[PDB]
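This document opens with one chain alone, in structure tokens, the form deposited in one PDB entry.
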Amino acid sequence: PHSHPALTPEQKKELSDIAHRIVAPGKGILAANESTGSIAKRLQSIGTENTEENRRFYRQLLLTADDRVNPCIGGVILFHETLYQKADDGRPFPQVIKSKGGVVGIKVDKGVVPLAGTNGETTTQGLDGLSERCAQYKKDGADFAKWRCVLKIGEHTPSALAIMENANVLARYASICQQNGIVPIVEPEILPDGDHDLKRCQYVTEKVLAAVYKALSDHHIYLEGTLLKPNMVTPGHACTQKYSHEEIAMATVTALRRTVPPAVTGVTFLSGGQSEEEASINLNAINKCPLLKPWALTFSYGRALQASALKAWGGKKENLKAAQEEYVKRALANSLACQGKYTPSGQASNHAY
């Protein structure tokens, strides 16, 4: 019943300003933090050798896209390796990102691990020495972090243990980040795998987020200095029933309205397995949903922003411009979507839930 301030007014202000810059009107996040293992399949999909130089060239391709992306990108999440690489001119990537008006992010979790006694459920590791890592990343240009927890909808999942443990670890991660001036992006991803319908996803999302915020409260987390990266509420990939984008938007916004405190500065949606176009249309619909939304509703896309770019590149230097153009096009589309101004042309119920 007694307070022992985790943060000073100055620390809070710093975290809040960082959080607001990332999700400023019209801006979203480019998630380019794929590890060697992740980008391996992507490079192979286009027959490109997975070397540090190729990864640098690819990341540089995205990071150095023309100024059209400036008002679209509020933040860029990088993998450890990328945070210390440089563009051809010798400029550290963090400097490139900042010069274009973006905030630099860094992935800090150490992957998922199995939870014994559950049906294939997991939690996420990475707290050991996290404080020291955060202080170092802050000094090296990062202002926000990424940590991914994964839950699955199944016959007996997410279980009480999985929900409780993932919510608790996310709170510890958020607490350590804030102690070091790093805005933590809380990511409790509920996989779309399965044949469950829309209302089941909405139900599970509602229960998971309620546990998440109770945990953040218990750990004295400063919500204004945080962002939320949840799955959109959608039917399972194998669901026989079909839904409109309007219904997906209503279920998503309704779930958030019932669980996310208005103090949370912004919600940056993960696209899961949605196509580039699908992720933009859904985000736009979410923003057009006729319900009050007290937080920014934008994006934090990876493949949903890189798919076409990667394909257009093909690992050939001569395709640089064509590749950057595909990326810029998705950045512009999502910039409009997070404002509810998206249209395929380019620029120009409720109680049942």
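Quick note: we count residues from 1 along the sequence shown, nothing fancier.
In this entry, residue 348 is separated from residue 349 by 10 or more residues of the deposited sequence that have no coordinates. In this entry, 196-204 shows the higher mean Cα temperature factor of the pair 196-204 and 166-174. In this entry, the higher average B-factor at the C-alpha atoms falls on 46-54, of the pair 282-290 and 46-54. Residue set 40, 328, 31, 63: peak C-alpha B-factor at 40 (per PDB entry).
Of the candidates 239, 253, 145, 215, the one whose C-alpha carries the top B factor in the deposited record is 239. Among the modelled residues of the chain, residue 79 sits in the middle third by CA temperature factor in this PDB entry. Among the modelled residues of its chain, residue 89 has a C-alpha B-factor that falls in the highest third, as given in the PDB entry. For residue 188, the recorded CA B-factor ranks within the lowest third of the chain. Only modelled residues enter the ranking. When all modelled residues of the chain are sorted by CA temperature factor, residue 334 is found within the middle third.
Among all modelled residues in this chain, the alpha-carbon of residue 261 has a temperature factor (C-alpha) in the lowest third.
Below, we refer to the form deposited with a partner chain bound, which is not included among the displayed structures.
Heavy atoms of no residue among 21, 143 and 184 are located within 4.5 Å of its partner chain in the bound PDB entry. Mapping the unseen interface onto this chain, residue 302 counts among the residues with a heavy atom inside 4.5 Å of its partner chain in the bound PDB entry. Proximity of residue 321 to its partner chain in the bound PDB entry falls outside the 4.5 Å heavy atom cutoff. Within 4.5 Å of some heavy atom of its partner chain in the bound PDB entry lies at least one heavy atom of residue 307. A residue is said to contact a partner when one of its heavy atoms sits within 4.5 Å of a partner heavy atom; residue 34 meets this definition for its partner chain in the bound PDB entry. Shown alone, this chain has one stretch from 68-76, 94-102, 81-89, 270-278 that lies within 4.5 Å of its partner chain in the bound PDB entry by heavy atoms: 270-278.
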